[PDB]
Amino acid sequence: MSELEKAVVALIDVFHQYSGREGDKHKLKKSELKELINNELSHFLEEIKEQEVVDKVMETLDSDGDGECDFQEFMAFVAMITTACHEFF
């Protein structure tokens, strides 16, 4: 696999590392999303320690309004983070 193909597969891997921890194994509930952000984006995003900030991130991400973040919604999150990083540089 190329570096791009590996990156694609990594997005899938990381999503499932967190979505499968609790409840719906195909979606990130708030607790899972918080853990993903604190554990996997510690060099890009400030550590989340407030429940408020959890609720806001999720509210931003939850396009279909079911209260969790599914894969499509997570992809939108990755695009936000990636675009932000790109724009920074």
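For every residue, the number given is its place in the sequence shown, counted from 1.
For the two regions 67-75 and 11-19, the entry's Cα B-factors average higher over 67-75. Between 50-58 and 35-43, the higher mean Cα B-factor belongs to 50-58. Among the modelled residues of its chain, residue 4 has a C-alpha B-factor that falls in the lowest third according to the deposited record.
Sort the chain's modelled residues by C-alpha temperature factor and residue 26 lands in the highest third, per the entry.
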